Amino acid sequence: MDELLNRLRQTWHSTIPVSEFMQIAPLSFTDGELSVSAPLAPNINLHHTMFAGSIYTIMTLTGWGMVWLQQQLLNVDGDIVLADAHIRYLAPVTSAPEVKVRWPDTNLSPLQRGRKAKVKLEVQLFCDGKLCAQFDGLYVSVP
């Protein structure tokens, strides 16, 4: 999984300048759960807590990353697009968070038939073990 996550990070930074500036990078992928993080420094706001835009962006890329990983596991490829998302900010983020996402009870099999595959992902952001933000996004994979 090391090589896999390393490739994901490289893909983000090379294609999305903002992800490189925010220093977003995968932490781990185990037992079907993807974990991602980023330092607070470039992502700060007035109160030196994590900026709302950075919070959203890291969660968006965490969902994106999960779809990418599931595509790899299925040996298929497709454009990953976020159709819509809902985000709730529960508490300020005071340090580098742990952003996690688990794969729901679905699959991307349609991609194997040359058909688009949609998935609703729940992404959660934790800081010091507490949930500080909730994200729900609809990702579509287009072959």
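So that there is no doubt, residue numbering starts at 1 and follows the sequence shown.
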_Between the two ranges 105 to 113 and 88 to 96, the one averaging a larger CA B factor in the entry_ = 105 to 113
*Of 1 to 9 and 132 to 140, which one has the bigger average CA B-factor?*
1 to 9
*Going by the CA temperature factor in the entry, name the top one among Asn75, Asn45, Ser37, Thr60.*
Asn75
*Mind checking which third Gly53 falls in for C-alpha B-factor across the chain?*
lowest
